[PDB]
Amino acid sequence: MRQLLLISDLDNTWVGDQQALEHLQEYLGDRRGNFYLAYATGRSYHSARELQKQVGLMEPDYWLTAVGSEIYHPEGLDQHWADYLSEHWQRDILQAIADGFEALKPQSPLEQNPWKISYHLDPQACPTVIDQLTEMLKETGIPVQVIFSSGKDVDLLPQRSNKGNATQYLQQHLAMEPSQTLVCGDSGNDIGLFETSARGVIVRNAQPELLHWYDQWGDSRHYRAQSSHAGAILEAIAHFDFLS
């Protein structure tokens, strides 16, 4: 029932430029009831709450955490979404395969969850290995999704997961339209957002992979901001004429 569904990544997007984070929040603060806010981060829910304390993030209506792996409503984790992503998902097999790549080192155990297997690519390893991994995983027949961001982070998620699939899910839940939705991102784990038909903005401080994506798929609903971090969001809101 609100006019805007604002979805944004936290690190290097909403957070990063404290001054811009603050004037973006002061603005939205005076029209708080006109938009649903959702943070789509690659962080765990707990990691995200921590960050909120650090920079003073405004309380959102939803948390699309761990790259869309888990969705937290105000009353708690969405168990429907979890049972939805659990179908045909076989983490142990995908992990066995992934663990076999010498160039891949597992990320902290706390970066993992039932639907997210994450690693770090060796700075000296050839990126093309990611292609090999993807292909090998896809052939298992298990609906798997490979997310590579900052030329270093690798995430193995269910095909149904994604920041974008979570976003679409949310739009369904809130009965919001793509034309009423704005997605903001900076890296490869945000690509799923722009794959969505919502209005999207790419921050200037965006990672190579995302920019590359834009040069090939960048559509008219996708805006390349002049500003970086939170500033790109105010810029985008003025661009698509949201919160008229």
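The term rigid core refers to the maximal set of C-alpha atoms that superpose within 1.5 Å between the two forms. Start at 1 and count along the sequence shown; that's the residue number.
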137-145 against 163-171 - segment lying farther from this form in 8 other deposited structures of this protein (CA RMS, rigid core fit): 137-145
Divergent stretch in 8 other deposited structures of this protein, 66-74 or 178-186 [C-alpha RMS, superposed by the core]: 66-74
Selected stretch [higher average CA B-factor]: 18-26 or 217-225: 217-225
Higher-scoring stretch by recorded Cα B factor average, 43-51 or 66-74: 66-74
Candidate set 158, 114, 100, 127 [ranked by C-alpha B-factor, highest]: 127
Candidate set 60, 56, 200, 188 [ranked by C-alpha B-factor, highest]: 200
Residue 144, C-alpha B-factor rank within chain (lowest, middle or highest third): lowest
Modelled-residue ranking by C-alpha temperature factor, third containing residue 193: middle
Assigned third (lowest, middle, highest) for the C-alpha B factor of residue 34: highest
Residue 163 CA temperature factor, ranked by third within the chain: lowest
Entry-reported Cα temperature factor of residue 206, expressed as the chain third it lands in: middle
